[PDB]
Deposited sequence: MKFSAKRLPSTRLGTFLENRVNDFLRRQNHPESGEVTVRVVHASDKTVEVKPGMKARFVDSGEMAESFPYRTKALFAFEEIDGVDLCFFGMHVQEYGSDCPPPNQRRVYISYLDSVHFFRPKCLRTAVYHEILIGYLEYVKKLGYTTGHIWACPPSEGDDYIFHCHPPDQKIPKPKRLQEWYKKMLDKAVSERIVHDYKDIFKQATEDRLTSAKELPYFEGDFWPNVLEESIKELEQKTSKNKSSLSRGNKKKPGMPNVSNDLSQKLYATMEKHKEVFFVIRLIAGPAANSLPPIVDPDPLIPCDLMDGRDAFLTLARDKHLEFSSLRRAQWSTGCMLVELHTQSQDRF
């Protein structure tokens, strides 16, 4: 292969995740399984500027910063089936480091999560996604991020997160499974002493004695900005946090004393400037354009190829 998944530029994140997976796979000793290559394909710096009315209430009065500088990263899992690569799992993340003011100091928030259900074998499918996610929650806990945040949100019909045109027979999870599927992922992270504990947003906030909306983390296109702005008031937020708690996790990686003695986070990985994988829209555009689909396996093997072709010559700029 001239343009293969492996032959993409490596990173310390990319190598850390693909290790834990092949480590997990090799011990399972299923003969159908194959090599999983994990790559970071976009890393850049960004901010999430506070919205007009939250701004007016707290930013203008001095009590809150006007924006929060995070690093965005896009990363993809590729299996080798029939001796050809298959992009099976993508993930977009916001990383708010130590130099970020509160209340985004040392937090990761997963922008987006997606899959194409042709990972082999299909019994290890869900298991492998869990490794990639615990592997990311482990990686960042070691760099020294205290808290992770997940919006447990299933996709809508007629719209896709990352991959254009999913398999017709790959069913979307109903809210209650997706919640159980994350709880499934986390309870395993807890047993490996990676996660200290996790809580729904309401319980976390009930136990952190939050008395102001400026204390609630403020992520890019997360639910809670839109709620606070549509609210324009602490009660209103305790109503909404309570009603929706089950969808919004707070994953504590570093706890108690060890959280206050932290040296500053230093991401060792360099920035990967990539036009295509800057947010979800530009990649969905290219796939729509060039008639690409992840509908069938052979179609998905086609698409990963034309995805990599485009990636290797946009890096070469």
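Novice: Wait, which stretches of the deposited chain are just not there in the structure?
Specialist: Unmodelled stretches: 233 to 262, 348 to 349.
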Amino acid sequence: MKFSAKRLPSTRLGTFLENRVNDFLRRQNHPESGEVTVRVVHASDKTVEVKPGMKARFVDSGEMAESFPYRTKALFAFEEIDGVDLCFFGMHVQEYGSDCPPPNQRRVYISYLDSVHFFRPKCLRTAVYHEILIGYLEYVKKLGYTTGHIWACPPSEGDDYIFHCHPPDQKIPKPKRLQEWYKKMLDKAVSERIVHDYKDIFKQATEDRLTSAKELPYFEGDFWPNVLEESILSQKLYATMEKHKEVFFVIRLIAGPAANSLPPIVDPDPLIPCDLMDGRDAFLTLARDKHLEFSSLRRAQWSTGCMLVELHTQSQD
From here on, numbers count along this sequence of modelled residues.
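Novice: Return whichever of 106 to 114 and 121 to 129 has the greater mean Cα B factor according to the PDB record.
Specialist: The entry gives the higher C-alpha B-factor average to 121 to 129.
Novice: Between 260 to 268 and 25 to 33, name whichever shows the higher mean Cα B factor according to the PDB entry.
Specialist: It is 25 to 33.
Novice: Highest Cα B-factor in the PDB entry belongs to which of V38, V48, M277, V250?
Specialist: Max CA B-factor in the entry, restricted to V38, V48, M277, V250: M277.
Novice: Looking at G144, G135, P217, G158, which has the highest Cα B-factor in the entry?
Specialist: Of the options given, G158 has the highest CA B-factor in the PDB entry.
Novice: Pull the Cα B-factor of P101 out of the PDB entry and bin it into the chain's lowest, middle or highest third.
Specialist: Answer is middle: the recorded C-alpha B-factor places it there.
Novice: Can you work out whether the C-alpha temperature factor of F223 puts it in the lowest, middle or highest third of the chain?
Specialist: Its C-alpha B-factor, which the entry lists for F223, ranks in the lowest third among residues of this chain.
Novice: Ranking every modelled residue in this chain by its Cα temperature factor as given in the entry, which third contains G90?
Specialist: For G90, whose C-alpha B-factor we compare with every modelled residue in the chain, the answer is the middle third.
Novice: Among the chain's modelled residues, which third holds the C-alpha B-factor of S67?
Specialist: According to the entry, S67 has a C-alpha B-factor in the chain's lowest third.
Novice: When the modelled residues of the chain are sorted by Cα temperature factor, does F76 land in the lowest, middle or highest third?
Specialist: Ranked within chain, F76 CA B lands in the middle tercile.
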